[PDB]
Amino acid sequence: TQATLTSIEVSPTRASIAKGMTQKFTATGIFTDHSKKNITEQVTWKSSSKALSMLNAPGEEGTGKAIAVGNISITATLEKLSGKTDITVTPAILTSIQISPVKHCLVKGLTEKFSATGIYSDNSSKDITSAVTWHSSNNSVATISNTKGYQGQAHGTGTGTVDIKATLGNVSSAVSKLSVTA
């Protein structure tokens, strides 16, 4: 309380966040006694553009939400002093994969086309059937192709049940239970 505030630093200094994701900013107060203090909950936060929304709800103080791709300047203000930083919003990232059909009954000797829908960090979606790698837990029940022009093509090779899944980098679809009948 004896110390006067002399500066505000906002961290991080450079950062990238995917569209639809969020970032917690920190406001660090610098004082005449050379102490540093977390003043994130005390400062006034603002953003230079709609592309990053500073969240207003209690407990969200200093949280920015990526609305649109671009460059945004962020400011923390207290006692007419301001600290600033820059953030970059990058394109939405793959967060989940939904495969269809969710379950299926296939007659042996027939072929069924599975599709993979990528769900992104802004909850946009895309057909990524040809981009994913398709997997079968048991080729003796069904095979599934990754061959160009046949991606997601599942062929009933024998009776039973099998797990079908799609993967793309570190993202994996839910398992689809494929039953093959005679």
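In this text, residue numbers run from 1 along the sequence as written.
Legend: mean Cα B-factor per stretch from the PDB entry, 166 to 174 versus 20 to 28; the higher mean is in 166 to 174. Look at the C-alpha B-factors of 90 to 98 and of 108 to 116. On average they run higher in 108 to 116. Take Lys65, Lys46, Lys126, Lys148 and read off each C-alpha B-factor from the entry; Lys148 has the highest. When all modelled residues of the chain are sorted by CA temperature factor, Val69 is found within the lowest third. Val141: CA B factor in the highest third of modelled residues in this chain (values from the PDB entry). Residue-level temperature factors show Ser35 in the highest third of its chain, judged at the C-alpha atom.
For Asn56, the recorded CA temperature factor ranks within the middle third of the chain's modelled residues.
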